[PDB]
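**Q** Protein chains in written order, with the entry's author numbering: chain A, 41 to 88; chain B, 271 to 301; chain C, 40 to 49; chain D, 64 to 114, 123 to 313; chain E, 18 to 176; chain F, 43 to 109, 116 to 144; chain G, 7 to 126; chain H, 348 to 397; chain I, 137 to 181.
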RNA sequence: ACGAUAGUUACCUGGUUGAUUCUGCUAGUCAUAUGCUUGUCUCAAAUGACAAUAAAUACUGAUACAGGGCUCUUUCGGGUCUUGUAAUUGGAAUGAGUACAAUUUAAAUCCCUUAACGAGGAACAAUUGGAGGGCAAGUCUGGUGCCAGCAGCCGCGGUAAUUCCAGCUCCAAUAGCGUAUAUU
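#1: Which same chain residues, not among the five before or five after residue 34 of chain G, have their C-beta less than 6 Å away from its C-beta?
#2: Residue 147 of chain I bridges to which residues according to DSSP?
#3: In the DSSP assignment, what residue or residues form a beta bridge with residue 84 of chain D?
#4: Give, in chain order, every unbroken run of the alpha helix (DSSP H) that is at least 4 residues long and sits entirely within the region 245 to 302 of chain D.
#5: Whose Cβ in chain E lies nearer than 9 Å to the Cβ of residue 177 of chain I?
#6: Assign residue 69 of chain E to one of three DSSP states: helix, strand, or coil.
#7: Would the beta-carbon of residue 189 of chain D fall within 8 Å of that of residue 123 of chain G?
#8: Is there a Cβ from chain E that is less than 8 Å from the Cβ of residue 53 of chain A?
#9: Grab the span of the beta strand (DSSP E) containing residue 282 of chain B for me, first residue to last.
#10: Quick check on the burial criterion: 16 or more other C-beta atoms within 10 angstroms. Buried or exposed for residue 145 of chain E?
#11: Given that a residue counts as buried once 16 or more other Cβ atoms are within 10 Å of its Cβ, and exposed if not, what is residue 130 of chain D?
#12: Can you list, in chain order, the residues of the region 70 to 88 of chain G whose Cβ is nearer than 7 Å to any Cβ on chain D?
#13: Is the beta carbon of residue 97 of chain F less than 8 Å from the beta carbon of residue 69 of chain F?
#14: So, with DSSP's three-state summary, where would you put residue 33 of chain E?
#15: Give the residues of chain E in contact with residue 32 of chain G, contact being defined as C-beta atoms less than 8 Å apart.
#16: So does the region 130 to 137 of chain F actually touch the region 67 to 86 of chain F, counting three or more Cβ pairs closer than 8 Å?
#17: Have a look at residue 234 of chain D and residue 114 of chain G and give me their C-alpha separation to the nearest angstrom.
#18: Using the Cβ count rule (16 or more neighbours within 10 Å means buried), how would you classify residue 69 of chain D?
#19: Can you have a look at residue 169 of chain D and say buried or exposed, based on whether 16 or more other CB atoms are within 10 angstroms of its CB?
#20: Ordered along the chain, which non-local residues of its own chain (more than five positions away) have a Cβ less than 8 Å from that of residue 253 of chain D?
#21: At what residues does the alpha helix (DSSP H) containing residue 108 of chain E begin and finish?
#22: If contact is defined by three or more beta carbon pairs under 8 Å, each pair taking one atom from either stretch, is the region 67 to 81 of chain G in contact with the region 359 to 370 of chain H?
#23: Does the CB of residue 85 of chain A have a neighbour CB from chain E at under 8 Å?
#24: If you drop the 5 nearest sequence neighbours on each side, which residues of the same chain put their C-beta closer than 6 Å to that of residue 126 of chain D?
#25: With H, G and I counted as helix, E and B as strand and the rest as coil, what does DSSP make of residue 96 of chain F?
#26: CA-CA distance, residue 102 of chain E and residue 176 of chain I?
#27: Looking only at C-alpha atoms, which of G:31, G:10, G:120 sits nearest to residue 264 of chain D?
#28: Count the other CB atoms, across all protein chains shown, that sit within 10 Å of the CB of residue 105 of chain E; report buried if there are 16 or more and exposed otherwise.
#29: Output yes or no for whether 8 Å exceeds the beta carbon distance between residue 215 of chain D and residue 182 of chain D.
#30: Suppose you measure from the CA of residue 171 of chain E to the CA of residue 114 of chain E; what does that come to, to the nearest Å?
#31: Just verifying my parser: in three-state terms, what is the DSSP assignment at residue 215 of chain D?
#32: Tell me whether the beta-carbon of residue 171 of chain D lies closer than 8 Å to the beta-carbon of residue 203 of chain D.
#33: From which residue to which residue does the beta strand (DSSP E) around residue 73 of chain F run?
#34: Per DSSP, which residues does residue 51 of chain F bridge with? Please list them.
#35: Verify whether the separation of the beta carbon atoms of residue 126 of chain F and residue 103 of chain F is less than 8 Å.
#36: Per the contact definition of three or more C-beta pairs closer than 8 Å, is the region 147 to 158 of chain I in contact with the region 276 to 295 of chain D?
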């Protein structure tokens with residue numbers, strides 16, 4: 041695929057598009073974590 | 271594990287036990 | 040503990 | 064280079080109409096010319112004397136993104152000989168001439184130019200080749216030629232406009248048969264300069280599915296143009312024709 | 018991890034740095050500044066601490082010039098990138114200006130003291146060049162390409 | 043062993059001095075007597091050449107050995129206070 | 007006829023600013039023939055055409071190939087100011103600044119081409 | 348939190364119908380209104396999974 | 137979807153899903169680690 | 001008003017099993033010991049690799065010649081087009097070092113000025129780990145002949161003799177890194 045340099049993605053730039061999994065969502069709100077705050081936390085990046 | 275249970279302590283029915291150390295642990299996180 | 044391990048090294 | 068007068072042969076290409084002229088050190092793309100023996104833009108053309124009248128025309132891929140996509144090897148461009156082909160973006164009609172040569176004397180091309188002088192070139196090529204009718208008006212307002220375009224099967228589109236998805240949405244809604252086939256050209260720098268182009272491509276795709284298409288193939292026409300993506304999809308159904 | 022390694026290898030290639038040590042230096046500084054950007058987003062709008070810190074920091078960042086002057090928003094300050102940072106790196110400005118034929122060529126010039134920023138010679142190719150200082154990047158007067166003496170090899174074949 | 047990361051010991055006898063295969067580990071093994079506990083164990087040297095340098099009754103530093117004879121846990125690292133690997137690269141001489 | 011004319015409010019000055027930037031960065035082709043060859047080779051990022059030029063058919067025939075290639079072309083009302091903004095000692099009526107893969111001038115081109123894209 | 352759209356006439360798809368298609372479906376309908384009470388056909392019309 | 141576009145960052149918590157996406161290159165992996173989030177294969181962090 | 005005058009207007013179908021397909025098959029410690037390596041500049045825990053700061057070991061051509069070079073899902077298969085060479089030459093730039101002086105200073109050193117020298121590799125002499133491939137009139141061990149295994153500086157001669165994979169290949173870190181144990 042385009043912009044794929046040998047198992048490195050050069051196109052992934054903030055605002056990072058992330059995908060949400062079911063079990064991810066489940067255990068996160070189990071862990072009482074504000075999803076978007078914690079996402080901007082780990083990323084230090086603007087997310088959609 | 272059930273997702274609805276809060277994590278500050280344990281729950282029996284509608285009763286939530288919170289030990290003195292956990293409320294003092296919240297007393298550490300506020301300061 | 041680190042002092043104990045250091046002493047054993049000595 | 065592929066200098067004039069060399070002896071090359073022509074063989075069929077897997078899409079109907081298009082042939083491939085291979086010879087010596089050069090292999091290149093070509094199409095049967097309807098109006099025999101007359102150039103369009105000083106394009107090169109290939110003669111052949113069959114046991123006279125038959126002559127082909129080469130395309131430059133660097134000139135037409137349609138050509139470039141075919142060289143990249145799209146699956147199918149839906150425009151078989153006989154198929155009514157709407158064009159969008161009749162940029163003086165070069166690729167439009169090529170696509171007219173594809174759809175032949177039984178087909179039809181309806182073209183849209185918005186600029187006037189480009190349109191003069193366009194109607195000139197229409198005056199030569201009878202199977203293309205021009206339409207010079209604003210492609211954003213398909214009310215402007217709803218009296219003039221009947222139901223076509225394949226929409227090519229290559230306008231450089233930022234509202235491109237909603238443009239093709241409305242033109243499709245007014246001019247496409249159930250089981251519509253379309254190709255569209257994406258200049259990521261024209262849609263959104265800042266973003267990474269692959270995501271630009273994705274957003275275009277999702278707007279198109281929002282406008283009720285189904286994408287089925289997509290590629291960067293890379294070694295002929297930078298940051299353009301050809302997208303192949305179907306209107307309103309899954310398999311192509313019907 | 019192959020993504021990390023291919024990424025850093027690509028970075029040193031497009032900007033011929035010396036090592037992943039230099040790369041991780043640039044990365045750790047990016048981490049500080051994007052972390053400060055994130056905590057500034059953790060403050061809310063029309064909070065005067067957020068207003069003052071944000072305008073001061075974006076002023077700092079367009080003053081060094083790595084931010085484009087068109088955009089002045091903390092979202093884009095958070096969307097900043099190390100490609101822009103190594104574009105800001107001194108030697109890459111030399112190669113972009115065209116005083117050298119290659120990036121390694123320009124790094125050698127900065128090592129053996131041919132180019133100056135404004136007044137003074139700088140030996141280090143990783144100097145932070147500001148937007149105000151990007152103009153005055155030229156050869157030394159002591160450099161043979163600037164003037165003065167013809168040079169060592171010129172002298173030795175002229176002998 | 044013990045709590046330490048290294049151990050000093052005394053070369054008893056390079057058992058496996060009658061070996062047929064060069065790089066076999068029973069060639070490369072040597073019984074040592076760790077000093078503080080006075081205990082007999084056996085250890086491996088990484089290379090037969092270094093086995094040629096090592097002789098008896100020399101103080102031996104050794105450590106853990108972690109990655116045809118699995119179970120020998122130690123490997124000799126320094127003899128008479130000198131680095132076996134530096135001898136093996138011929139960097140220093142061995143004090144006798 | 008020159009309906010993609012640029013307006014006064016600092017738009018024209020931004021054009022001349024990026025023009026001088028491109029003359030320095032050597033990413034600029036100049037004069038009608040070289041602009042023609044650059045857009046023929048498709049390398050041009052954007053093309054700027056004067057409007058005070060003795061009869062305008064030159065900067066009218068250029069937008070034909072600009073309409074072919076679909077490159078942003080824009081009308082500026084002072085060719086002598088183009089000459090000064092390029093640093094020529096001669097008045098220029100046609101200029102074409104091309105694109106490279108690594109520059110912040112490229113971001114300036116992106117902003118400028120978005121502005122003229124909203125313009126026309 | 349859904350607004351679901353269901354059909355009535357549990358099988359009777361929408362669409363304009365060709366003449367024999369709707370004659371067939373009206374035929375089956377009134378055919379039921381005769382024979383709905385036989386045990387066999389009654390059970391496989393009342394059989395619905397809950 | 138990830139195969140088709142290759143622009144996202146997936147956030148899951150199954151290790152088998154993790155193996156699956158780890159099979160393909162160039163995708164980063166988010167999982168909460170009971171204190172916070174935890175990113176696996178993104179280099180810019 | 002036409003509509004179940006005793007809602008029995010109920011129940012009369014709760015759902016084994018099996019097959020196939022698609023996935024699945026460690027890193028941090030201001031933590032101690034120790035090893036290896038150290039050309040420049042600042043800096044300093046107790047002169048200094050304990051740290052920390054910046055960065056040399058070179059840059060650019062031409063010409064000649066060869067035709068492979070790589071990749072990888074699916075591999076006696078596919079995918080992509082200019083790549084190389086212990087090739088022949090040409091150019092420049094020089095900082096470590098060498099160093100007249102001047103200056104600094106209680107006297108010196110260092111800093112800042114400074115004339116002159118100071119690159120062709122066999123050198124102005126990069127390191128540390130890991131993995132791999134190639135081998136004999138050699139050795140050792142196993143066996144229903146030639147196979148296999150481990151291995152191999154040791155070979156017939158020969159030390160002023162040899163000129164060998166002629167400097168084999170690849171991964172990592174790089175003026176720092178390895179290993180042990182405790183670990184987390």
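Each residue gets a CB set at the ideal place from its N, CA and C atoms; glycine is no exception.
**A** Taking the definition as stated:
#1: 28, 103, listed in sequence order.
#2: A:60, I:166, per the DSSP bridge assignment.
#3: Paired residues: D:73, D:91.
#4: For the region 245 to 302 of chain D, whole alpha helix (DSSP H) runs of length 4 or above, ordered along the chain, are 259 to 262, 268 to 281.
#5: In chain order: 18, 19, 20, 21.
#6: In the displayed model, residue 69 of chain E falls within a helix according to three-state DSSP.
#7: Not closer than 8 Å, so no.
#8: Interface annotation, residue 53 of chain A: in contact with chain E, CB-CB separation under 8 Å.
#9: Taken as a continuous stretch (DSSP letters only), the beta strand (DSSP E) holding residue 282 of chain B covers 280 to 282.
#10: When all chains shown are included, residue 145 of chain E counts as exposed.
#11: By the 10 Å Cβ count, residue 130 of chain D comes out buried.
#12: Listed in sequence order: 70, 73, 74, 76.
#13: Taking 8 Å as the Cβ cut-off, residue 97 of chain F and residue 69 of chain F do not qualify as a contacting pair.
#14: Residue state, collapsed to three classes: coil.
#15: Going along chain E in sequence order, the residues near residue 32 of chain G (Cβ under 8 Å) are 115.
#16: Contact between the region 130 to 137 of chain F and the region 67 to 86 of chain F is absent, with fewer than three C-beta pairs closer than 8 Å.
#17: Taking the straight line joining both Cα atoms gives about 22 Å.
#18: With fewer than 16 other CB atoms across the displayed protein chains lying within 10 angstroms of its CB, residue 69 of chain D is exposed.
#19: With a 10 Å radius around the Cβ and a threshold of 16 neighbouring Cβ atoms, residue 169 of chain D comes out buried.
#20: The beta carbon of residue 253 of chain D lies closer than 8 Å to those of 149, 225, 226, 227, 228, 239, 243, 247, 284, 303, 304, 305, 306 in the same chain, with the five residues before and after it left out.
#21: It spans 107 to 114 - the alpha helix (DSSP H) in which residue 108 of chain E sits, taken as one unbroken run.
#22: Output reads no: the region 67 to 81 of chain G does not touch the region 359 to 370 of chain H.
#23: Chain E contact via Cβ: present.
#24: Excluding residues within five positions, the ones whose Cβ falls inside 6 Å are 96, 99, 100, 108, 110.
#25: In this structure, residue 96 of chain F counts as coil in the three-state DSSP scheme.
#26: Our two residues, residue 102 of chain E and residue 176 of chain I, have alpha carbons roughly 24 Å apart in a direct line.
#27: Closest by alpha carbon: G:120.
#28: Classification of residue 105 of chain E: buried, given that the 10 Å Cβ count is 16 or more.
#29: Between residue 215 of chain D and residue 182 of chain D, the CB-CB gap reaches or exceeds 8 Å.
#30: Inter-residue distance for residue 171 of chain E and residue 114 of chain E is about 26 Å (C-alpha atoms, whole angstroms).
#31: In the three-state scheme derived from DSSP, where H, G and I count as helix and E and B as strand, residue 215 of chain D is classed as helix.
#32: Yes; because the gap between Cβ atoms is below 8 Å, this pair is in contact.
#33: Run containing residue 73 of chain F: 71 to 76, per the beta strand (DSSP E) assignment.
#34: Answer by DSSP bridge pairing, in chain order: F:76, F:102.
#35: Less than 8 Å separates the beta-carbon of residue 126 of chain F from that of residue 103 of chain F.
#36: No, because fewer than three Cβ pairs between the region 276 to 295 of chain D and the region 147 to 158 of chain I fall closer than 8 Å, the two stretches do not touch.
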